[PDB]
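Asker: Just the structure for this:
(one chain, ligands or ions: 3)
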Amino acid sequence: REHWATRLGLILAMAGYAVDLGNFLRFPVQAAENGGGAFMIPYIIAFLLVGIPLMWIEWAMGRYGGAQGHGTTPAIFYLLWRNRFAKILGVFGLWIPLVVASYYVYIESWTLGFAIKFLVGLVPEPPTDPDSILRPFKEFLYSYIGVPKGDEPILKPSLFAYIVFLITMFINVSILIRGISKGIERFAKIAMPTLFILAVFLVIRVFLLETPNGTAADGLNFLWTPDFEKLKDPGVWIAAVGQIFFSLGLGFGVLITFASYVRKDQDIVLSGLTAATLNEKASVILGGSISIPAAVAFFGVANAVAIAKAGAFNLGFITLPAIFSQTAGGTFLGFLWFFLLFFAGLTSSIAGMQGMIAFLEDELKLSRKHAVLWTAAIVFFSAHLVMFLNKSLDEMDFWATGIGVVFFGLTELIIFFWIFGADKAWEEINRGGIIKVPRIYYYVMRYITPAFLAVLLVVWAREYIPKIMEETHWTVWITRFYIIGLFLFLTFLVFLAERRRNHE
Ligand SMILES: CNCC[C@H](Oc1cccc2ccccc12)c1cccs1
Ligand code: NA
Ligand code: NA
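Answerer: Numbering: from 1, shown residues only. Ligands and ions are numbered 1, 2, ... in the order given. Here you go:
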């Protein structure tokens, strides 16, 4: 079985996964809408009661399973719990990241495409007024995606967008086919530094932004000034727990798979806590210093609320490109910005797609080459639903992310710590640990963490399901049809996996 070559490379791969577009876009938007600096109170709390505990647990289950040659949850859940159901529950952690890959790698391709379009200067050049500057870029993006101009829910992506998507897929395969060490780890050692450099460079450039409408200091002001009155809202405390979950990448079965390449007695306590810290630093220091400030600097603090309510997607693909077109040498900035995003995704997409590679290797005894190619084949095929069918992307995101993560995490907690036994689990976490987990975290992992995840479940159940189930167009059933079909298909492979083992 493959293994991580260097302790550093492990942390950089793990952090590479956690650091993504969410760091630079989603996190700054969530903070501004939920108390600003006051949002740090429920965010840090969720990081300590839910994020950190679950991080150690997925690392634990991973290494525990990796020692026995199994990187995926259909096998691992069957080692913690020896039930027919546990294999089935485990399919979700094989199903979830495969659904994400079905649309993320594509979104990742956009950044690459925009990065190229900006580097060669093939971008709109306005013209004055905000809607006169944004619209050429709002339309620039829509021509790439192929946003429907009619009542039809049909996307028509440009030939370029499709070709970049193919190139992007190819790039992923290139790294993935070289294995864990000479591929993922080797790239994590290049990507993360390059990522940091670009972030700092952009940060410095943004602080020097001065327009008649405001400055970057106005952006850091609006973002970090604390509105404690919003801490009364449960929704802020829900968004915080959700964000931490989302930022660390919990519930996707990616940490589990990655940590299964960690050797049996190697540290996971300190190593995980490090990678988790790298992610958070990137979010508050780098990410919160580029997007929101620059937006406020150019449009003034007057629109800072309107900008934040415009969503993370608009901020990153319409707003920020439009601002760069108005700055000295801004075409290059667009290139640095999109190339910054590109790597941030590429370091996550190679992680997300490793779970399916691992399964085919571990359970179906496929070579790494075959396991990589077939995984690429599945993702490429399924993506056409995202590329061509409007709002398919959102349906996959909704189900996979939302439910998947919350439900799976709570499943991971119960199986490992309640079913497999808390004491056996706690030892599994602290074993080989450079530092030991604080004795108080035993109670957090056993009660506080699943309580949070459960209240999150209930709130989530009440607010978002009734919405998607009735008010959405009928075409969502196509996406539902397909993502259900995937789960059935993955059930079947798991079935074939166990039938092959009884023979040998
Ligand atoms: C927070 N770090 C990774 C984010 C996570 O990343 C992934 C998580 C799981 C599988 C993935 C497969 C391909 C690409 C990214 C994947 C997601 C991003 C967007 C929706 S879910
Ligand atoms: Na993150
Ligand atoms: Na990444």
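
Asker: Up against ligand 2, what does the stretch 401-504 of the chain have?
Answerer: Within the stretch 401-504 of the chain, not a single residue sits near ligand 2 (C-beta under 5 Å from the ion). C-beta here means a position set from N, CA and C on the backbone, and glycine is covered the same way.

Asker: Same question for the chain.
Answerer: Residues of the chain that fall close to ligand 2, judged by C-beta under 5 Å from the ion: 18, 22-23, 247, 279.

Asker: and which of those residues is nearest to ligand 3?
Answerer: Of all those, residue 18 has the smallest distance to ligand 3: 7.4 Å, by C-beta to the ion.

Asker: contacting residues around the closest one?
Answerer: 247-249, 275-276, 278-279, 348 (C-beta atoms under 8 Å, 6 or more residues apart in numbering).

Asker: thinking again about what came up before, can you tell me which of the residues of the chain next to ligand 2 are in helices?
Answerer: Under the assignment DSSP state H, those contribute 18, 247, 279 to helices.

Asker: So the second one sits against residue 27, correct?
Answerer: So the one you mean is residue 247. Yes: with contact defined as C-beta atoms under 8 Å, residue 247 counts as touching residue 27 (6.5 Å).

Asker: and the longest helix along the chain, anywhere near ligand 3?
Answerer: Secondary structure of the chain per DSSP H: the longest helix is helix 84-119. No: Helix 84-119 does not reach ligand 3 (C-beta under 5 Å from the ion); its nearest approach is 9.1 Å.

Asker: Go through that helix and flag the buried ones.
Answerer: For helix 84-119, the neighbour count (16 or more other C-beta atoms under 10 Å) marks 86-87, 89-119 as buried.

Asker: do stretch 358-378 as well
Answerer: Neighbour counts using 16+ other C-beta under 10 Å place 358-363, 366, 368, 371-373, 375-376, 378 of stretch 358-378 among the buried residues.

Asker: and that stretch, anywhere near ligand 1?
Answerer: No: using C-beta under 6 Å from any ligand atom, we find that stretch 358-378 stays clear of ligand 1, coming within 10.5 Å at best.

Asker: ok, and what's touching that stretch?
Answerer: The contact list for stretch 358-378, computed with C-beta under 8 Å, 6+ apart, reads 69-72, 74-75, 94, 98, 169, 172-173, 176-177, 179, 257, 260, 353, 356-357, 493-494, 496-497, 500.

Asker: still on that earlier bit, of the buried residues of stretch 358-378, which belong to strands?
Answerer: With DSSP state E as the criterion, strands contain none of these.

Asker: distance of the residue lying closest to residue 123 once chain neighbours are set aside from residue 140?
Answerer: In this structure, residue 123 finds its nearest non-sequential neighbour in residue 117, 5.7 Å apart by C-beta to C-beta, 6 or more residues apart in numbering. If you measure residue 117 against residue 140 using C-beta to C-beta, to the nearest Å, the figure is 8 Å.

Asker: Need the overlap of contacts for these two.
Answerer: In contact with both residue 117 and residue 140: residue 123, using C-beta under 8 Å, 6+ apart.

Asker: ok so, going back, show me which of the contacts of stretch 358-378 neighbour ligand 1.
Answerer: Restricting those to those within reach of ligand 1 (C-beta under 6 Å from any ligand atom) leaves residue 353.

Asker: I'd say residue 380 and residue 168 touch.
Answerer: No: here residue 380 does not reach residue 168: they are 10.3 Å apart, not a contact under C-beta under 8 Å.

Asker: Tell me how many other residues surround the residue in the stretch 351-500 of the chain that ligand 3 sits nearest to.
Answerer: Closest to ligand 3 within the stretch 351-500 of the chain is residue 351: 7.2 Å, counting by C-beta to the ion. Neighbours of residue 351 under the rule other C-beta atoms under 10 Å: 25.

Asker: quick one: the helix or strand hosting it to helix 84-119, angle?
Answerer: Counting by DSSP states H and E, the element that carries residue 351 is helix 330-352. Angle, helix 330-352 to helix 84-119, by axes from the mean of the first three to the mean of the last three C-alpha atoms, to 10 degrees: 160 degrees.

Asker: just the helices in the stretch 201-350 of the chain please.
Answerer: 216-224, 234-248, 254-258, 269-281, 291-299, 304-308, 312-314, 320-324, 330-352 (DSSP state H, counting those that start in this stretch).

Asker: and the angle for the longest one with helix 291-299?
Answerer: Orientation of helix 330-352 against helix 291-299 (the same axes, to 10 degrees) gives an angle of 160 degrees.
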